[PDB]
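Here's work27.cif, which has mmCIF, N, CA and C atoms:
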data_structure
loop_
_atom_site.label_atom_id
_atom_site.label_comp_id
_atom_site.auth_asym_id
_atom_site.auth_seq_id
_atom_site.Cartn_x
_atom_site.Cartn_y
_atom_site.Cartn_z
N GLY D 1 -91.60 5.14 44.90
CA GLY D 1 -92.27 4.65 43.71
C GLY D 1 -92.63 3.18 43.82
N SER D 2 -91.81 2.33 43.21
CA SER D 2 -92.05 0.89 43.23
C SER D 2 -90.73 0.12 43.16
N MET D 3 -90.81 -1.19 43.32
CA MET D 3 -89.63 -2.04 43.27
C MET D 3 -89.19 -2.28 41.83
N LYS D 4 -87.91 -2.03 41.56
CA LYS D 4 -87.36 -2.22 40.22
C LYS D 4 -86.43 -3.43 40.18
N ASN D 5 -86.27 -4.01 39.00
CA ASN D 5 -85.41 -5.17 38.83
C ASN D 5 -84.04 -4.75 38.30
N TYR D 6 -82.99 -5.36 38.85
CA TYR D 6 -81.63 -5.05 38.43
C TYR D 6 -80.82 -6.32 38.20
N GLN D 7 -79.53 -6.16 37.94
CA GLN D 7 -78.65 -7.30 37.69
C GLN D 7 -78.87 -8.39 38.74
N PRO D 8 -78.41 -9.61 38.43
CA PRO D 8 -78.54 -10.76 39.33
C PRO D 8 -77.65 -10.63 40.56
N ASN D 9 -78.03 -9.74 41.47
CA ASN D 9 -77.27 -9.52 42.70
C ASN D 9 -77.43 -10.70 43.65
N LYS D 10 -76.38 -11.52 43.74
CA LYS D 10 -76.40 -12.68 44.62
C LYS D 10 -76.03 -12.30 46.04
N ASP D 11 -75.19 -11.28 46.17
CA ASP D 11 -74.75 -10.81 47.48
C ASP D 11 -75.93 -10.30 48.30
N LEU D 12 -76.83 -9.58 47.64
CA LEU D 12 -78.01 -9.03 48.30
C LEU D 12 -79.10 -10.09 48.43
N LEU D 13 -79.20 -10.96 47.43
CA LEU D 13 -80.20 -12.02 47.44
C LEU D 13 -79.90 -13.05 48.52
N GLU D 14 -78.63 -13.47 48.59
CA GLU D 14 -78.21 -14.45 49.58
C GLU D 14 -78.69 -14.06 50.98
N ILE D 15 -78.75 -12.75 51.23
CA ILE D 15 -79.19 -12.25 52.52
C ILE D 15 -80.64 -12.64 52.80
N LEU D 16 -81.47 -12.60 51.77
CA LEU D 16 -82.88 -12.96 51.90
C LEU D 16 -83.08 -14.46 51.76
N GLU D 17 -82.27 -15.08 50.91
CA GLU D 17 -82.36 -16.52 50.68
C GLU D 17 -81.91 -17.29 51.92
N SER D 18 -81.05 -16.67 52.72
CA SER D 18 -80.54 -17.30 53.93
C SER D 18 -81.67 -17.88 54.76
N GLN D 19 -82.62 -17.02 55.15
CA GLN D 19 -83.76 -17.45 55.95
C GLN D 19 -84.81 -18.13 55.07
N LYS D 20 -84.96 -17.64 53.85
CA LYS D 20 -85.93 -18.19 52.91
C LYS D 20 -85.60 -19.64 52.58
N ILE D 21 -84.38 -20.05 52.89
CA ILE D 21 -83.95 -21.42 52.63
C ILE D 21 -84.99 -22.43 53.09
N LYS D 22 -85.73 -22.07 54.14
CA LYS D 22 -86.77 -22.94 54.68
C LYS D 22 -87.95 -23.03 53.72
N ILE D 23 -88.42 -21.88 53.25
CA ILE D 23 -89.54 -21.84 52.33
C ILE D 23 -89.14 -22.33 50.94
N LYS D 24 -87.86 -22.18 50.62
CA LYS D 24 -87.34 -22.61 49.32
C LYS D 24 -87.78 -24.04 49.01
N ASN D 25 -87.88 -24.86 50.05
CA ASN D 25 -88.30 -26.25 49.89
C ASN D 25 -89.72 -26.33 49.35
N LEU D 26 -90.66 -25.76 50.09
CA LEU D 26 -92.06 -25.77 49.69
C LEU D 26 -92.23 -25.20 48.28
N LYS D 27 -91.36 -24.26 47.92
CA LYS D 27 -91.41 -23.64 46.60
C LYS D 27 -90.78 -24.55 45.55
N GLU D 28 -89.76 -25.31 45.96
CA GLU D 28 -89.07 -26.21 45.06
C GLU D 28 -90.02 -27.29 44.53
N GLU D 29 -91.05 -27.59 45.31
CA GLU D 29 -92.03 -28.60 44.93
C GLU D 29 -92.89 -28.11 43.77
N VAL D 30 -93.59 -27.00 43.99
CA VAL D 30 -94.45 -26.42 42.96
C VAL D 30 -93.63 -25.82 41.83
N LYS D 31 -92.38 -25.50 42.12
CA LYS D 31 -91.48 -24.91 41.13
C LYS D 31 -91.49 -25.73 39.85
N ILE D 32 -91.71 -27.03 39.98
CA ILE D 32 -91.75 -27.92 38.83
C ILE D 32 -92.67 -27.38 37.74
N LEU D 33 -93.76 -26.74 38.16
CA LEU D 33 -94.72 -26.17 37.23
C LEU D 33 -94.31 -24.76 36.81
N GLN D 34 -93.91 -23.95 37.79
CA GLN D 34 -93.49 -22.58 37.52
C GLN D 34 -92.29 -22.55 36.57
N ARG D 35 -91.57 -23.67 36.50
CA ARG D 35 -90.41 -23.77 35.64
C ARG D 35 -90.73 -23.28 34.23
N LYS D 36 -91.95 -23.53 33.79
CA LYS D 36 -92.39 -23.11 32.46
C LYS D 36 -92.83 -21.65 32.46
N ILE D 37 -93.40 -21.21 33.58
CA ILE D 37 -93.86 -19.84 33.71
C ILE D 37 -92.69 -18.87 33.79
N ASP D 38 -91.60 -19.32 34.40
CA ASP D 38 -90.40 -18.50 34.54
C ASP D 38 -89.85 -18.11 33.17
N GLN D 39 -89.83 -19.06 32.25
CA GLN D 39 -89.32 -18.81 30.90
C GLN D 39 -90.16 -17.75 30.20
N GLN D 40 -91.35 -17.49 30.72
CA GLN D 40 -92.24 -16.50 30.14
C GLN D 40 -91.67 -15.09 30.31
N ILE D 41 -91.30 -14.75 31.54
CA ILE D 41 -90.74 -13.43 31.83
C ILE D 41 -89.55 -13.54 32.77
N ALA D 42 -89.64 -14.45 33.73
CA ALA D 42 -88.56 -14.66 34.69
C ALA D 42 -87.22 -14.83 33.99
N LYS D 43 -87.26 -15.40 32.79
CA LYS D 43 -86.05 -15.63 32.01
C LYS D 43 -85.42 -14.30 31.58
N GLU D 44 -86.27 -13.31 31.31
CA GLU D 44 -85.80 -12.00 30.90
C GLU D 44 -85.44 -11.14 32.11
N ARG D 45 -86.19 -11.31 33.19
CA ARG D 45 -85.96 -10.55 34.41
C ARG D 45 -84.49 -10.64 34.83
N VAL D 46 -83.93 -11.84 34.76
CA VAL D 46 -82.54 -12.06 35.13
C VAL D 46 -81.62 -11.93 33.93
N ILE D 47 -80.88 -10.83 33.87
CA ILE D 47 -79.96 -10.58 32.77
C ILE D 47 -78.61 -11.26 33.02
N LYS D 48 -78.04 -11.82 31.95
CA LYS D 48 -76.76 -12.50 32.05
C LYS D 48 -75.89 -12.19 30.83
N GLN D 49 -74.67 -11.73 31.09
CA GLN D 49 -73.74 -11.40 30.01
C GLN D 49 -73.60 -12.56 29.04
#

Can I see the file as structure tokens?
Amino acid sequence: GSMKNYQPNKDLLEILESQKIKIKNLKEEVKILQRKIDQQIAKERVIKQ
């Protein structure tokens, strides 16, 4: 089907973030703007007790 969103799995994410750590930088720059876009839906995407 398609990719679904689930709880904030850090164990599985860390696996991808490990190598992405390099790109994380380039993203951290523009992130300054996306910071507002995240609150649009990204804020809901990540569920927290």

| atom CA of residue 21 of chain D and atom N of residue 7 of chain D, how far apart in Å? | 21.6 Å

| Residues picked by the PyMOL selection byres ((chain D and resi 6) around 7) here, as a ChimeraX atom specification? | /D:4-5,7-9,45-47

| said: Just list as a ChimeraX atom specification whatever in chain D DSSP marks as helix (DSSP H, G or I). | reply: /D:10-45

Could the residues in this selection be saved with N, CA and C atoms as a short mmCIF file (atom, residue, chain, number, x, y, z; two decimals), in the coordinates of the input?
data_model
loop_
_atom_site.label_atom_id
_atom_site.label_comp_id
_atom_site.auth_asym_id
_atom_site.auth_seq_id
_atom_site.Cartn_x
_atom_site.Cartn_y
_atom_site.Cartn_z
N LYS D 10 -76.38 -11.52 43.74
CA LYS D 10 -76.40 -12.68 44.62
C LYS D 10 -76.03 -12.30 46.04
N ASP D 11 -75.19 -11.28 46.17
CA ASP D 11 -74.75 -10.81 47.48
C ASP D 11 -75.93 -10.30 48.30
N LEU D 12 -76.83 -9.58 47.64
CA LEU D 12 -78.01 -9.03 48.30
C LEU D 12 -79.10 -10.09 48.43
N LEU D 13 -79.20 -10.96 47.43
CA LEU D 13 -80.20 -12.02 47.44
C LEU D 13 -79.90 -13.05 48.52
N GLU D 14 -78.63 -13.47 48.59
CA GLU D 14 -78.21 -14.45 49.58
C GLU D 14 -78.69 -14.06 50.98
N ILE D 15 -78.75 -12.75 51.23
CA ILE D 15 -79.19 -12.25 52.52
C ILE D 15 -80.64 -12.64 52.80
N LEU D 16 -81.47 -12.60 51.77
CA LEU D 16 -82.88 -12.96 51.90
C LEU D 16 -83.08 -14.46 51.76
N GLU D 17 -82.27 -15.08 50.91
CA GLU D 17 -82.36 -16.52 50.68
C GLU D 17 -81.91 -17.29 51.92
N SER D 18 -81.05 -16.67 52.72
CA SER D 18 -80.54 -17.30 53.93
C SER D 18 -81.67 -17.88 54.76
N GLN D 19 -82.62 -17.02 55.15
CA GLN D 19 -83.76 -17.45 55.95
C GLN D 19 -84.81 -18.13 55.07
N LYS D 20 -84.96 -17.64 53.85
CA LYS D 20 -85.93 -18.19 52.91
C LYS D 20 -85.60 -19.64 52.58
N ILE D 21 -84.38 -20.05 52.89
CA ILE D 21 -83.95 -21.42 52.63
C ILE D 21 -84.99 -22.43 53.09
N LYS D 22 -85.73 -22.07 54.14
CA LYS D 22 -86.77 -22.94 54.68
C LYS D 22 -87.95 -23.03 53.72
N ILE D 23 -88.42 -21.88 53.25
CA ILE D 23 -89.54 -21.84 52.33
C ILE D 23 -89.14 -22.33 50.94
N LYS D 24 -87.86 -22.18 50.62
CA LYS D 24 -87.34 -22.61 49.32
C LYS D 24 -87.78 -24.04 49.01
N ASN D 25 -87.88 -24.86 50.05
CA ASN D 25 -88.30 -26.25 49.89
C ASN D 25 -89.72 -26.33 49.35
N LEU D 26 -90.66 -25.76 50.09
CA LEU D 26 -92.06 -25.77 49.69
C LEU D 26 -92.23 -25.20 48.28
N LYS D 27 -91.36 -24.26 47.92
CA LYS D 27 -91.41 -23.64 46.60
C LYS D 27 -90.78 -24.55 45.55
N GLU D 28 -89.76 -25.31 45.96
CA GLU D 28 -89.07 -26.21 45.06
C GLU D 28 -90.02 -27.29 44.53
N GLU D 29 -91.05 -27.59 45.31
CA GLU D 29 -92.03 -28.60 44.93
C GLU D 29 -92.89 -28.11 43.77
N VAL D 30 -93.59 -27.00 43.99
CA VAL D 30 -94.45 -26.42 42.96
C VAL D 30 -93.63 -25.82 41.83
N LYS D 31 -92.38 -25.50 42.12
CA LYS D 31 -91.48 -24.91 41.13
C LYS D 31 -91.49 -25.73 39.85
N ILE D 32 -91.71 -27.03 39.98
CA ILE D 32 -91.75 -27.92 38.83
C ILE D 32 -92.67 -27.38 37.74
N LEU D 33 -93.76 -26.74 38.16
CA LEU D 33 -94.72 -26.17 37.23
C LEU D 33 -94.31 -24.76 36.81
N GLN D 34 -93.91 -23.95 37.79
CA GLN D 34 -93.49 -22.58 37.52
C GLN D 34 -92.29 -22.55 36.57
N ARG D 35 -91.57 -23.67 36.50
CA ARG D 35 -90.41 -23.77 35.64
C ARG D 35 -90.73 -23.28 34.23
N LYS D 36 -91.95 -23.53 33.79
CA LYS D 36 -92.39 -23.11 32.46
C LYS D 36 -92.83 -21.65 32.46
N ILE D 37 -93.40 -21.21 33.58
CA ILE D 37 -93.86 -19.84 33.71
C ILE D 37 -92.69 -18.87 33.79
N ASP D 38 -91.60 -19.32 34.40
CA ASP D 38 -90.40 -18.50 34.54
C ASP D 38 -89.85 -18.11 33.17
N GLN D 39 -89.83 -19.06 32.25
CA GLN D 39 -89.32 -18.81 30.90
C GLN D 39 -90.16 -17.75 30.20
N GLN D 40 -91.35 -17.49 30.72
CA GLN D 40 -92.24 -16.50 30.14
C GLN D 40 -91.67 -15.09 30.31
N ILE D 41 -91.30 -14.75 31.54
CA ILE D 41 -90.74 -13.43 31.83
C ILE D 41 -89.55 -13.54 32.77
N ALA D 42 -89.64 -14.45 33.73
CA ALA D 42 -88.56 -14.66 34.69
C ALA D 42 -87.22 -14.83 33.99
N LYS D 43 -87.26 -15.40 32.79
CA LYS D 43 -86.05 -15.63 32.01
C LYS D 43 -85.42 -14.30 31.58
N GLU D 44 -86.27 -13.31 31.31
CA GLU D 44 -85.80 -12.00 30.90
C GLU D 44 -85.44 -11.14 32.11
N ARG D 45 -86.19 -11.31 33.19
CA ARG D 45 -85.96 -10.55 34.41
C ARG D 45 -84.49 -10.64 34.83
#

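The coordinates place atom N of residue 27 of chain D at 19.4 Å from atom CA of residue 40 of chain D.
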
| query | What does the distance between atom C of residue 26 of chain D and atom C of residue 38 of chain D come to in Å, to one decimal place? | reply |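 Pair atom C of residue 26 of chain D / atom C of residue 38 of chain D returns 16.9 Å.
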